[PDB]
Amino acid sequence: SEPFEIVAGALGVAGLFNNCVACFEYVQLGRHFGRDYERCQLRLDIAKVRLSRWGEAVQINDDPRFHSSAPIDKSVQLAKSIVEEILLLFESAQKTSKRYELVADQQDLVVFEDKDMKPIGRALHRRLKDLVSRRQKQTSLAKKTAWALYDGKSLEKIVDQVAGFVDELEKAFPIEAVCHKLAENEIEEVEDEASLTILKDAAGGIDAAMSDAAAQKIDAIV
């Protein structure tokens, strides 16, 4: 119910955006994900990075238009609506999850911890988390509470909708080139093909810029 409270407040785009990004931190994945755990965790991580990349490109913390409750500029009004919609998406996912916990038995309520990931997925996950931590202006934000995604549909919906919403966000601002360069910089630290191939597969359908940067880099060996 926290995302709902945030949307009910008087934040500008920047405050709403920073709450969107922080929403990703304490989502857990149910044991149901099985062997798809790593890719699904990374698709969540990628959706987050995508959001962080836009904020960076648009200089969210330095553009005064993003700091008012009532923006005038159409692009910024669009951005505000989109970022509110992302929060509503997390709110609704938390509701679905709550309905599941109400009816399920203890066996179906087991979740993965970060240590459960394969070593390569684990390492990409750390790299993707740290990358947005650098970008994210430091937390005034109150801590959020942990909750779990228990089925694939729920995760797909977040990851797919966030990605579409960032597409809309990028469309509204003159940041086409900046975002592609940023995607290139994000990936300069991963050298081995194994990690690049896992990244490109998880980025499929949700981050064309990361997918292109990874596909181009795998040729710097093959």
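Numbers for residues come from their place in the sequence shown, where the first is 1.
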Greater mean Cα temperature factor according to the PDB record, 149-157 or 183-191: 183-191
33-41 or 174-182, whichever carries the higher mean Cα B-factor: 174-182
Pick out which of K80, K144, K74, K98 has the highest C-alpha B-factor in the PDB entry. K144
Looking at the entry's B-factor column for C-alpha atoms only, identify whether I60 ranks in the lowest, middle or highest third of its chain. lowest
Ranking every modelled residue in this chain by its Cα temperature factor as given in the entry, which third contains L196? highest
Comparing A208 with the other modelled residues of its chain, is its CA B-factor in the lowest, middle or highest third? middle
Going by what the PDB entry lists, where does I86 fall on CA B-factor within its chain: lowest, middle or highest third? lowest
Quick check on the deposited entry: does the C-alpha B-factor of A93 sit in the lowest, middle or highest third of its chain? lowest
